[PDB]
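What's in work-v5.txt: compact mmCIF, C-alpha atoms and all ligand atoms
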# COMPACT_ATOMS: atom_id res chain seq x y z
CA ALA A 1 -9.70 26.68 -15.56
CA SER A 2 -11.42 24.38 -13.03
CA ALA A 3 -9.95 24.41 -9.56
CA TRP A 4 -10.82 20.69 -9.14
CA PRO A 5 -7.20 19.59 -8.32
CA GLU A 6 -7.52 21.82 -5.24
CA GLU A 7 -10.46 19.87 -3.83
CA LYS A 8 -8.16 17.42 -2.05
CA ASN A 9 -6.94 20.32 0.13
CA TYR A 10 -10.41 20.74 1.69
CA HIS A 11 -11.70 17.23 1.52
CA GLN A 12 -13.05 16.04 4.88
CA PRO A 13 -13.81 12.48 5.93
CA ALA A 14 -17.38 11.24 6.75
CA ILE A 15 -16.72 9.68 10.17
CA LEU A 16 -18.33 6.33 10.98
CA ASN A 17 -20.29 6.02 14.23
CA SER A 18 -19.78 3.11 16.73
CA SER A 19 -22.23 0.73 15.13
CA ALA A 20 -20.57 1.14 11.75
CA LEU A 21 -17.12 0.67 13.33
CA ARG A 22 -18.17 -2.65 14.82
CA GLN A 23 -19.50 -3.73 11.44
CA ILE A 24 -16.19 -2.96 9.81
CA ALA A 25 -14.26 -4.78 12.57
CA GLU A 26 -16.40 -7.89 12.13
CA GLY A 27 -16.33 -7.79 8.33
CA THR A 28 -12.62 -8.42 7.82
CA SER A 29 -11.12 -11.86 8.46
CA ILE A 30 -7.41 -12.20 9.19
CA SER A 31 -7.59 -16.00 8.75
CA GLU A 32 -9.20 -15.79 5.27
CA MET A 33 -6.63 -13.16 4.22
CA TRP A 34 -3.85 -15.34 5.53
CA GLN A 35 -4.85 -18.38 3.56
CA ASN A 36 -6.31 -16.84 0.42
CA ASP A 37 -4.24 -13.69 -0.15
CA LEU A 38 -1.01 -13.94 1.82
CA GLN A 39 0.34 -17.48 1.63
CA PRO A 40 0.24 -17.63 -2.18
CA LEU A 41 2.51 -14.57 -2.17
CA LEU A 42 5.11 -16.02 0.15
CA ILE A 43 7.34 -17.11 -2.69
CA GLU A 44 10.47 -15.86 -4.38
CA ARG A 45 9.26 -13.12 -6.78
CA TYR A 46 12.13 -10.83 -7.83
CA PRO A 47 11.59 -9.00 -11.14
CA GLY A 48 11.49 -11.22 -14.22
CA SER A 49 11.24 -14.43 -12.20
CA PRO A 50 8.62 -17.12 -12.55
CA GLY A 51 7.45 -16.17 -9.04
CA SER A 52 6.90 -12.57 -10.21
CA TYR A 53 4.57 -13.89 -12.89
CA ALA A 54 2.73 -16.11 -10.35
CA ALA A 55 2.44 -13.21 -7.89
CA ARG A 56 0.97 -10.92 -10.56
CA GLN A 57 -1.59 -13.60 -11.65
CA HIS A 58 -2.62 -14.18 -8.05
CA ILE A 59 -3.11 -10.46 -7.46
CA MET A 60 -5.17 -10.05 -10.65
CA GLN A 61 -7.22 -13.21 -9.99
CA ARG A 62 -8.11 -12.12 -6.44
CA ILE A 63 -9.26 -8.72 -7.69
CA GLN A 64 -11.16 -10.11 -10.72
CA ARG A 65 -13.38 -12.33 -8.55
CA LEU A 66 -14.86 -9.35 -6.64
CA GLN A 67 -18.18 -7.65 -7.51
CA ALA A 68 -16.87 -4.08 -7.61
CA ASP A 69 -16.02 -2.93 -11.15
CA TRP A 70 -12.21 -2.99 -10.94
CA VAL A 71 -10.30 -2.16 -14.09
CA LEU A 72 -6.92 -3.91 -14.18
CA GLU A 73 -3.96 -2.59 -16.16
CA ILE A 74 -0.42 -4.04 -16.32
CA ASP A 75 2.14 -1.31 -16.92
CA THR A 76 5.13 -3.11 -18.53
CA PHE A 77 8.42 -1.42 -19.33
CA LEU A 78 12.16 -1.80 -19.79
CA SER A 79 14.81 -0.34 -17.62
CA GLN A 80 18.60 -0.53 -17.41
CA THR A 81 19.77 -2.47 -14.27
CA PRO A 82 23.18 -3.61 -12.85
CA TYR A 83 22.37 -6.79 -14.84
CA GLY A 84 21.52 -5.11 -18.12
CA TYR A 85 18.15 -4.28 -19.65
CA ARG A 86 15.17 -5.92 -17.90
CA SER A 87 11.37 -5.87 -18.08
CA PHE A 88 9.14 -4.89 -15.15
CA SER A 89 5.33 -4.92 -14.70
CA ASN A 90 3.42 -2.60 -12.36
CA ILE A 91 -0.15 -3.70 -11.56
CA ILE A 92 -2.75 -0.97 -11.33
CA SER A 93 -6.29 -1.69 -10.15
CA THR A 94 -8.78 1.22 -10.51
CA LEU A 95 -12.47 1.84 -9.65
CA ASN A 96 -13.97 4.54 -11.94
CA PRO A 97 -10.98 5.19 -14.20
CA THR A 98 -12.46 8.40 -15.58
CA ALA A 99 -13.24 9.72 -12.11
CA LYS A 100 -11.15 12.90 -11.67
CA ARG A 101 -9.80 12.12 -8.19
CA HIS A 102 -8.64 8.92 -6.59
CA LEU A 103 -7.50 7.93 -3.14
CA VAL A 104 -4.50 5.62 -3.91
CA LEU A 105 -3.27 2.67 -1.76
CA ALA A 106 0.01 1.14 -2.81
CA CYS A 107 2.79 -1.33 -1.98
CA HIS A 108 5.49 -3.21 -3.94
CA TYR A 109 4.95 -6.83 -4.91
CA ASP A 110 8.45 -7.80 -5.98
CA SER A 111 10.75 -9.45 -3.42
CA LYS A 112 14.46 -8.55 -3.12
CA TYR A 113 16.74 -10.78 -5.15
CA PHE A 114 19.05 -13.06 -3.11
CA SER A 115 20.75 -16.23 -4.29
CA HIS A 116 19.55 -19.22 -2.16
CA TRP A 117 21.62 -19.54 0.98
CA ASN A 118 22.00 -22.77 2.88
CA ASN A 119 18.68 -23.72 1.27
CA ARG A 120 16.89 -20.63 2.51
CA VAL A 121 14.89 -18.48 0.11
CA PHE A 122 14.01 -14.78 0.68
CA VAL A 123 10.30 -14.19 0.55
CA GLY A 124 10.00 -10.69 2.14
CA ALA A 125 6.96 -11.47 4.23
CA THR A 126 6.65 -7.92 5.73
CA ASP A 127 8.44 -6.49 2.67
CA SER A 128 5.91 -6.42 1.22
CA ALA A 129 3.77 -9.61 0.91
CA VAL A 130 1.67 -8.59 3.96
CA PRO A 131 1.02 -5.01 2.63
CA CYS A 132 -0.04 -6.66 -0.67
CA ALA A 133 -2.37 -9.13 1.11
CA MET A 134 -3.78 -6.26 3.19
CA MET A 135 -4.78 -4.36 0.00
CA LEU A 136 -6.45 -7.53 -1.36
CA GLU A 137 -8.25 -8.17 1.94
CA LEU A 138 -9.43 -4.54 1.96
CA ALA A 139 -10.83 -4.83 -1.58
CA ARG A 140 -12.59 -8.10 -0.52
CA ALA A 141 -13.92 -6.82 2.85
CA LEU A 142 -15.32 -3.58 1.42
CA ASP A 143 -16.50 -5.09 -1.88
CA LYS A 144 -20.18 -4.54 -1.20
CA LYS A 145 -19.55 -0.89 -0.26
CA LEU A 146 -17.14 -0.30 -3.15
CA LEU A 147 -19.79 -1.74 -5.54
CA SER A 148 -21.88 1.34 -4.81
CA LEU A 149 -19.28 3.56 -6.61
CA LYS A 150 -20.12 1.97 -9.99
CA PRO A 151 -17.07 14.33 -4.95
CA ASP A 152 -15.93 12.81 -8.29
CA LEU A 153 -13.69 10.58 -6.14
CA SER A 154 -12.92 6.87 -6.21
CA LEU A 155 -10.26 4.28 -5.29
CA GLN A 156 -7.12 2.94 -6.93
CA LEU A 157 -4.59 0.28 -5.88
CA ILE A 158 -1.03 0.15 -7.24
CA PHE A 159 1.29 -2.89 -6.74
CA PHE A 160 4.75 -1.72 -7.83
CA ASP A 161 7.30 -4.01 -9.42
CA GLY A 162 11.02 -3.40 -8.88
CA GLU A 163 10.99 -1.42 -5.68
CA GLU A 164 14.13 -3.27 -4.49
CA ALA A 165 17.72 -2.72 -5.59
CA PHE A 166 19.21 -5.70 -7.46
CA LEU A 167 22.44 -5.01 -5.42
CA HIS A 168 22.43 -2.54 -2.55
CA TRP A 169 20.35 0.62 -2.83
CA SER A 170 21.61 3.31 -5.20
CA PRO A 171 19.70 6.10 -7.05
CA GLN A 172 19.76 4.18 -10.32
CA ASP A 173 19.28 0.71 -8.83
CA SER A 174 15.91 0.76 -6.94
CA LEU A 175 12.35 2.11 -7.36
CA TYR A 176 12.19 0.97 -10.98
CA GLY A 177 8.41 0.61 -11.14
CA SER A 178 7.57 3.76 -9.15
CA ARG A 179 10.01 6.05 -10.96
CA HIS A 180 8.54 4.77 -14.19
CA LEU A 181 4.88 5.04 -13.17
CA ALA A 182 5.20 8.49 -11.56
CA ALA A 183 6.74 9.87 -14.80
CA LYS A 184 4.10 8.14 -16.88
CA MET A 185 1.23 9.42 -14.76
CA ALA A 186 2.76 12.91 -14.72
CA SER A 187 2.58 13.00 -18.50
CA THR A 188 -0.89 11.45 -18.97
CA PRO A 189 -3.80 13.98 -19.25
CA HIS A 190 -6.54 13.36 -16.80
CA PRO A 191 -9.48 13.07 -16.93
CA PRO A 192 -9.52 11.90 -20.62
CA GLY A 193 -9.46 14.94 -22.93
CA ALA A 194 -8.07 17.32 -20.35
CA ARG A 195 -5.98 20.22 -21.55
CA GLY A 196 -3.71 20.77 -18.60
CA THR A 197 -4.13 18.40 -15.67
CA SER A 198 -2.46 14.97 -15.32
CA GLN A 199 -3.19 11.71 -13.45
CA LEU A 200 -0.86 13.03 -10.70
CA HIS A 201 -3.12 16.04 -10.20
CA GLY A 202 -5.91 13.51 -9.70
CA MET A 203 -4.06 11.67 -6.90
CA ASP A 204 -5.68 12.98 -3.80
CA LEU A 205 -3.30 11.09 -1.50
CA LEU A 206 -0.88 8.21 -1.95
CA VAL A 207 -1.01 5.82 1.04
CA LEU A 208 2.06 3.60 0.75
CA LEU A 209 2.19 0.49 2.94
CA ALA A 210 5.61 -1.06 3.52
CA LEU A 211 7.38 -3.33 6.04
CA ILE A 212 4.18 -4.20 7.86
CA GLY A 213 3.64 -7.46 9.77
CA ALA A 214 6.21 -7.37 12.58
CA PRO A 215 5.34 -6.85 16.33
CA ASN A 216 5.00 -3.32 17.82
CA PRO A 217 5.31 -1.14 14.73
CA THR A 218 5.56 2.62 15.28
CA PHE A 219 4.61 4.79 12.30
CA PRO A 220 5.83 8.38 12.45
CA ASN A 221 4.03 11.39 10.87
CA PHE A 222 6.47 12.14 8.05
CA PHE A 223 4.99 15.00 6.03
CA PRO A 224 3.20 18.17 6.98
CA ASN A 225 0.92 18.13 3.97
CA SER A 226 -0.62 14.78 4.94
CA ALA A 227 -0.40 15.35 8.67
CA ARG A 228 -4.14 15.85 9.07
CA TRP A 229 -4.71 12.40 7.54
CA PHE A 230 -2.10 10.85 9.85
CA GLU A 231 -4.20 12.33 12.67
CA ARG A 232 -7.32 10.59 11.30
CA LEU A 233 -5.44 7.24 11.54
CA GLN A 234 -4.55 8.09 15.17
CA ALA A 235 -8.18 8.94 15.93
CA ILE A 236 -9.44 5.76 14.27
CA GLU A 237 -6.98 3.56 16.12
CA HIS A 238 -7.98 5.24 19.40
CA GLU A 239 -11.73 4.78 18.90
CA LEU A 240 -11.44 1.15 17.64
CA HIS A 241 -9.29 0.57 20.74
CA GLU A 242 -11.83 2.23 23.09
CA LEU A 243 -14.69 0.20 21.51
CA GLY A 244 -12.84 -3.00 22.34
CA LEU A 245 -12.41 -3.77 18.65
CA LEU A 246 -8.64 -4.31 18.48
CA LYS A 247 -6.70 -7.33 19.74
CA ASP A 248 -3.70 -7.43 22.17
CA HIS A 249 -3.38 -3.66 21.84
CA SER A 250 -2.72 -0.83 24.25
CA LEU A 251 -2.60 2.96 23.83
CA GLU A 252 0.93 3.06 25.36
CA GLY A 253 1.96 0.68 22.56
CA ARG A 254 -0.19 2.39 19.89
CA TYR A 255 0.95 2.25 16.28
CA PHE A 256 0.43 5.88 15.22
CA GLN A 257 2.45 8.02 17.49
CA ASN A 258 2.59 11.79 17.59
CA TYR A 259 6.08 12.19 16.28
CA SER A 260 7.83 13.53 13.26
CA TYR A 261 10.80 12.22 11.36
CA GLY A 262 13.08 14.69 9.63
CA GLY A 263 15.05 12.28 7.44
CA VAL A 264 14.28 10.68 4.11
CA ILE A 265 13.39 7.04 3.69
CA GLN A 266 13.90 5.77 0.16
CA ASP A 267 10.73 3.96 -1.03
CA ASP A 268 8.15 3.99 -3.88
CA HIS A 269 6.56 7.27 -2.72
CA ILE A 270 9.71 9.27 -3.54
CA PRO A 271 9.05 9.75 -7.31
CA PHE A 272 5.50 10.88 -6.47
CA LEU A 273 6.43 13.06 -3.51
CA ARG A 274 8.97 14.82 -5.73
CA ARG A 275 6.34 15.63 -8.33
CA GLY A 276 4.07 17.17 -5.65
CA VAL A 277 1.76 14.33 -4.70
CA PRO A 278 0.67 14.26 -1.00
CA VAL A 279 1.90 11.04 0.63
CA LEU A 280 0.99 9.13 3.77
CA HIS A 281 4.02 6.74 4.17
CA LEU A 282 2.94 3.82 6.37
CA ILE A 283 6.34 2.36 7.07
CA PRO A 284 7.51 1.83 10.62
CA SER A 285 10.56 3.40 12.20
CA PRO A 286 12.61 1.44 13.24
CA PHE A 287 12.25 -1.19 10.50
CA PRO A 288 11.30 -4.83 11.45
CA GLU A 289 14.34 -6.57 13.01
CA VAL A 290 14.15 -9.18 10.25
CA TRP A 291 14.46 -6.53 7.50
CA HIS A 292 16.32 -7.92 4.44
CA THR A 293 17.27 -11.22 6.07
CA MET A 294 15.97 -14.76 5.39
CA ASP A 295 14.08 -14.43 8.63
CA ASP A 296 11.57 -12.03 7.06
CA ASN A 297 9.17 -14.94 6.84
CA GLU A 298 5.71 -16.16 7.80
CA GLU A 299 6.81 -17.44 11.17
CA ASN A 300 7.93 -13.98 12.29
CA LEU A 301 4.66 -12.18 11.40
CA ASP A 302 2.35 -10.88 14.17
CA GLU A 303 -1.19 -11.86 13.27
CA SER A 304 -3.20 -9.69 15.65
CA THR A 305 -1.15 -6.61 14.67
CA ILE A 306 -1.93 -7.16 10.98
CA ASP A 307 -5.56 -7.73 11.87
CA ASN A 308 -5.74 -4.45 13.84
CA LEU A 309 -4.08 -2.55 10.99
CA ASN A 310 -6.55 -4.06 8.43
CA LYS A 311 -9.35 -2.64 10.56
CA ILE A 312 -7.77 0.80 10.87
CA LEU A 313 -6.99 1.04 7.12
CA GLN A 314 -10.51 -0.15 6.07
CA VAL A 315 -12.18 2.44 8.34
CA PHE A 316 -9.79 5.14 6.97
CA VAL A 317 -10.68 4.25 3.35
CA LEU A 318 -14.45 4.20 3.91
CA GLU A 319 -14.35 7.51 5.76
CA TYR A 320 -12.16 9.12 3.07
CA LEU A 321 -14.56 7.93 0.33
CA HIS A 322 -17.78 8.76 2.26
CA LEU A 323 -18.88 5.11 2.14
ZN ZN A 401 13.06 -4.34 1.11

Go ahead and render the structure in this file as structure tokens.
Amino acid sequence: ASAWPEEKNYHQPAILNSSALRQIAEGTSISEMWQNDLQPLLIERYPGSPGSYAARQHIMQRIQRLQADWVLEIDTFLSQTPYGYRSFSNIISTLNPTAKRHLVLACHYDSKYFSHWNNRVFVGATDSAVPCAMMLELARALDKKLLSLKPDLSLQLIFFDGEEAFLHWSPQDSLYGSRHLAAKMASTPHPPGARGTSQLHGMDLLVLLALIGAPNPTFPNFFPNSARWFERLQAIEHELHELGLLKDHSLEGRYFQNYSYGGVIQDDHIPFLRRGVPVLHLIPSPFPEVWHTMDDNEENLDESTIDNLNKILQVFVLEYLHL
């Protein structure tokens, strides 16, 4: 019985030196992400809506144009909702599908349903159009490096549908796509032909991005079994800062602070966490002041903060993957 699912417990990053850190800082472009990945997503896109379809096509199109060998799968299913049966579609983008282990980055691409109000439309800019655009920018920025993957370890991106409650949050009305996908992955043998390991055993770490884009976020270290990876993010932020590679940033106002959080935040990682998958939940505490209001829009986003976080996340991913 191979002990491969235990490898994630000992996996160590391959730390980039200064020269490589500057290369990564210069290789990502917040303005290109803004125009080409973010703005097309700033539309109403609740499950089943025409915007949901447009959002999904945009995400797939942006991934399909890259050189790395991404394999796209749309996981479509039915679920009961306060409005009756409905269809949802998770988007999964994977490099090396048969690779035994994957580092997984995720976010939700649906937007919370709200009837139009005084002509305002909810577009959930930080929740989670920006996280989505950040995953797309990361795939674009590291494309040349990711091409080299074409440690049996690779990368996967999941864009969940139906994270939001149709009404207010309840156990049965929220996390439609993640509850579905976690159960599906838990019952899918992996790698192909395996006797007793599933796709969940292959998830080295689930990095879930949510509510990102507002000024001064503070991300707490939620779980002891991913704490050493939260520390890597702190170290990366500190060195990019010291190298003068971040913008309008100070260590007193650093994003990754040394502090736990006992409570439970309901989000897409829950169904995975509860089946034993290690999770790094990149959600700030407190939430953006515009959370679930019509003001969660483009105008209230903090560009240099998103830019800094794109740099930190891209360095984290390269180091994790030894690229
Ligand atoms: Zn939300």

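Between ligand ZN 401 (chain A) and the candidates A:291, A:114, A:229, A:255, the tightest atom-to-atom separation, counting all atoms listed in the file, involves A:291.
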
Using all atoms listed in the file, which residues have at least one atom no more than 9 Å from ligand ZN 401 (chain A)? Output them as an mmCIF file with C-alpha atoms, keeping the file's coordinate frame.
data_model
loop_
_atom_site.group_PDB
_atom_site.id
_atom_site.type_symbol
_atom_site.label_atom_id
_atom_site.label_comp_id
_atom_site.auth_asym_id
_atom_site.auth_seq_id
_atom_site.Cartn_x
_atom_site.Cartn_y
_atom_site.Cartn_z
ATOM 1 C CA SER A 111 10.750 -9.450 -3.420
ATOM 2 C CA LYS A 112 14.460 -8.550 -3.120
ATOM 3 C CA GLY A 124 10.000 -10.690 2.140
ATOM 4 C CA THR A 126 6.650 -7.920 5.730
ATOM 5 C CA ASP A 127 8.440 -6.490 2.670
ATOM 6 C CA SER A 128 5.910 -6.420 1.220
ATOM 7 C CA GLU A 163 10.990 -1.420 -5.680
ATOM 8 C CA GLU A 164 14.130 -3.270 -4.490
ATOM 9 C CA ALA A 165 17.720 -2.720 -5.590
ATOM 10 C CA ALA A 210 5.610 -1.060 3.520
ATOM 11 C CA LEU A 211 7.380 -3.330 6.040
ATOM 12 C CA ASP A 267 10.730 3.960 -1.030
ATOM 13 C CA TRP A 291 14.460 -6.530 7.500
ATOM 14 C CA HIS A 292 16.320 -7.920 4.440
#

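For the atom pair formed by atom CA of residue A:217 and atom CA of residue A:286, the distance is 7.9 Å, given to one decimal.
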
Kindly give the distance, in Å, that separates atom CA of residue A:152 and atom CA of residue A:66, rounded to a single decimal.
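Here the two named atoms are 22.2 Å from each other.
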
Where is the centre and how long are the edges: axis-aligned box on stretch 182-197 of chain A, 5 Å on each side, Å to one decimal, as AutoDock Vina command-line options:
--center_x -1.4 --center_y 14.5 --center_z -17.2 --size_x 26.3 --size_y 22.6 --size_z 21.4
